[PDB]
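The structure under discussion appears below in the form of C-alpha cells.
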Amino acid sequence: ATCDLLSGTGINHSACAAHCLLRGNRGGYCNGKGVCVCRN
C-alpha cells in the first residue's frame, strides 16, 4: 500500500529517513513512483 520496511532487511528506504531526520523530521519513504518524501 505504502512504503515502509516490509521485512527486517528488505527495501530499506532508510537513506531517505536519515536525510529527513537531519532536517528535523521523523519520516522518509518512497512514494507512488519511488521518490524520497518526508513525513511528520
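Every chain in the C-alpha cells takes a letter, A first, then B, and so on in the order presented; its residues are numbered from 1, and the ligands are numbered from 1 following the presented order.
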Using only C-alpha atoms, which protein or nucleic acid residues come within 7 Å of residue 16 in chain A? Drop anything in the same chain fewer than 6 positions from it, and give the result as a compact mmCIF listing (two decimals) with N, CA and C atoms, in the first residue's frame.
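Below is the file selection.txt, written as the result:
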```
# COMPACT_ATOMS: atom_id res chain seq x y z
N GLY A 28 10.27 9.59 5.96
CA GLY A 28 11.30 9.38 4.89
C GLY A 28 11.17 8.03 4.18
N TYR A 29 10.23 7.97 3.27
CA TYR A 29 9.98 6.72 2.49
C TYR A 29 9.87 7.00 0.99
N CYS A 36 11.96 9.98 -2.80
CA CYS A 36 12.10 10.20 -1.33
C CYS A 36 11.31 11.41 -0.83
```
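Backbone DSSP of range 2-39 of chain A yields strand (DSSP E or B) at residues 29, 30, 36 and 37 of chain A.
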Using N, CA, C and O atoms, can you write the selected residues to a file as a PDB file, in the first residue's frame?
```
ATOM      1  N   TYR A  29      10.234   7.974   3.267  1.00  0.00           N
ATOM      2  CA  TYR A  29       9.982   6.721   2.493  1.00  0.00           C
ATOM      3  C   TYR A  29       9.873   7.001   0.988  1.00  0.00           C
ATOM      4  O   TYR A  29      10.063   8.118   0.547  1.00  0.00           O
ATOM      5  N   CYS A  30       9.550   5.955   0.267  1.00  0.00           N
ATOM      6  CA  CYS A  30       9.401   6.026  -1.213  1.00  0.00           C
ATOM      7  C   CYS A  30       7.910   6.178  -1.550  1.00  0.00           C
ATOM      8  O   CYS A  30       7.092   5.399  -1.114  1.00  0.00           O
ATOM      9  N   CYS A  36      11.961   9.976  -2.803  1.00  0.00           N
ATOM     10  CA  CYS A  36      12.096  10.203  -1.330  1.00  0.00           C
ATOM     11  C   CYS A  36      11.306  11.414  -0.826  1.00  0.00           C
ATOM     12  O   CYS A  36      11.597  12.543  -1.171  1.00  0.00           O
ATOM     13  N   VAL A  37      10.321  11.117  -0.019  1.00  0.00           N
ATOM     14  CA  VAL A  37       9.449  12.177   0.573  1.00  0.00           C
ATOM     15  C   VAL A  37       9.542  12.023   2.100  1.00  0.00           C
ATOM     16  O   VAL A  37       9.781  10.927   2.574  1.00  0.00           O
TER      17      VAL A  37
END
```
For residue 39 in chain A, find every residue with an atom within 7 Å (counting only C-alpha atoms), except residues of its own chain fewer than 6 positions away, and show them as a list in words.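 Contacts, in chain order: residues 25, 26, 27 and 28 of chain A.
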With N, CA, C and O atoms retained, could you export that selection as a PDB file, in the first residue's frame?
```pdb
ATOM      1  N   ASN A  25      12.815  15.878  11.017  1.00  0.00           N
ATOM      2  CA  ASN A  25      11.538  15.157  10.711  1.00  0.00           C
ATOM      3  C   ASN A  25      11.610  13.736  11.285  1.00  0.00           C
ATOM      4  O   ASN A  25      12.607  13.367  11.871  1.00  0.00           O
ATOM      5  N   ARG A  26      10.558  12.977  11.109  1.00  0.00           N
ATOM      6  CA  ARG A  26      10.516  11.575  11.623  1.00  0.00           C
ATOM      7  C   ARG A  26       9.841  10.675  10.579  1.00  0.00           C
ATOM      8  O   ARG A  26       9.145   9.733  10.904  1.00  0.00           O
ATOM      9  N   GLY A  27      10.090  11.022   9.344  1.00  0.00           N
ATOM     10  CA  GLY A  27       9.533  10.279   8.171  1.00  0.00           C
ATOM     11  C   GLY A  27      10.629  10.078   7.121  1.00  0.00           C
ATOM     12  O   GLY A  27      11.776  10.376   7.392  1.00  0.00           O
ATOM     13  N   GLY A  28      10.268   9.589   5.957  1.00  0.00           N
ATOM     14  CA  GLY A  28      11.301   9.375   4.890  1.00  0.00           C
ATOM     15  C   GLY A  28      11.168   8.026   4.184  1.00  0.00           C
ATOM     16  O   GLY A  28      11.898   7.096   4.478  1.00  0.00           O
TER      17      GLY A  28
END
```
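Picture a line from CA of residue 4 in chain A to CA of residue 23 in chain A; it runs 19.9 Å.
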Could you go through chain A and tell me which residues DSSP, when run on the backbone, assigns to alpha helix (DSSP H), listing them as a list in words?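 Matching residues, listed in order: residues 14, 15, 16, 17, 18, 19, 20, 21, 22 and 23 of chain A.
Between CA of residue 35 in chain A and CA of residue 10 in chain A the separation is 16.9 Å.
When CA of residue 20 in chain A is paired with CA of residue 40 in chain A, their separation reads 9.9 Å.
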